[PDB]
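Take a look at this one chain, the form solved without the named molecule, written out in structure tokens.
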């Protein structure tokens, strides 16, 4: 059984909470490699499956994902209810996030003539705060996420009381132990794709890009640019323009996250303070989002 170390504590497969297979029921599909289902343990859960047709490395990858998530303890990181590894197909049981992934949510919940008030600036700032809180927890525990992006964040529900959480740790799992074309280039700082140097300032840069994703309401970063075009653009000092209708104070947080030198970028404590300040400013939160 492989070892995993987080916050100076070592855990093993033995430490995972094995849930008897007979106590688990799959209800409906929700959706890469493997499937996700809504399930019941009654406790409602998301069930991530490992394909029975997989390599030994896939098995270790699946195991490591379970270890990583089970060891986090924070409200803005999805909980692991347990695992079912002693029957096939193997399961990881996760907190059910009924709002789905954040990118899909933003794109589907954009204000329109049919839904003119579907979303407001405050909703977006609350999502940003939620994820920044999760990032701060990772930073203070010296865990580098390496792929902070809207597709990897999840929502507890569609409606107002929604809470956003970091939900996917596949990149960090891979690095802990893929290819050039699969690297999240558009979310990476200059020193990362060049020198392969990663620190928590790596996550600060990515969070800036996530902020752009959020306030653009789910657009792909660097519109019309390919991965290599972005690499050369960012390496040369180029940065994204503000999303449509983006308040200046919010754009300013993005531009600080994208400082070329990592030491010049804010830690997540500071990012949280700035997000809070924006949230207090009536001129920010009374800004209308564009209607499609």
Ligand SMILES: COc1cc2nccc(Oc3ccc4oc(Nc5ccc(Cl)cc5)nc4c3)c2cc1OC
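Numbering follows the first chain given and starts at 1.
The following text describes the form solved in complex with the named molecule, which does not appear among the structures shown.
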Given the pose of the named molecule in the deposited bound form, superimposed onto this structure around the site, is the binding site open or blocked (3 or more ligand atoms closer than 2.4 Å to backbone or C-beta atoms counts as blocked)? blocked
Sort through 85, 192, 77, 121 and report the residue having a heavy atom within 4.5 Å of the named molecule in the deposited bound form. 77
With the named molecule left out of view, which of 188, 125, 96, 217 would have a heavy atom within 4.5 Å of it in the deposited bound form? 96
Indicate whether residue 169 is a 4.5 Å heavy atom neighbour of the named molecule in the deposited bound form. yes
The named molecule contact at residue 30 in the deposited bound form, heavy atom, 4.5 Å: yes
Examine residue 205 and determine whether its closest non-hydrogen atom to the named molecule in the deposited bound form is within 4.5 angstroms. no
Given that the named molecule is not shown alongside this chain, does residue 222 nevertheless sit within 4.5 Å of it in the deposited bound form, heavy atom to heavy atom? no
Applying a 4.5 angstroms cut-off on non-hydrogen atoms, the residues of 45 to 67 near the named molecule in the deposited bound form are 46, 48, 65
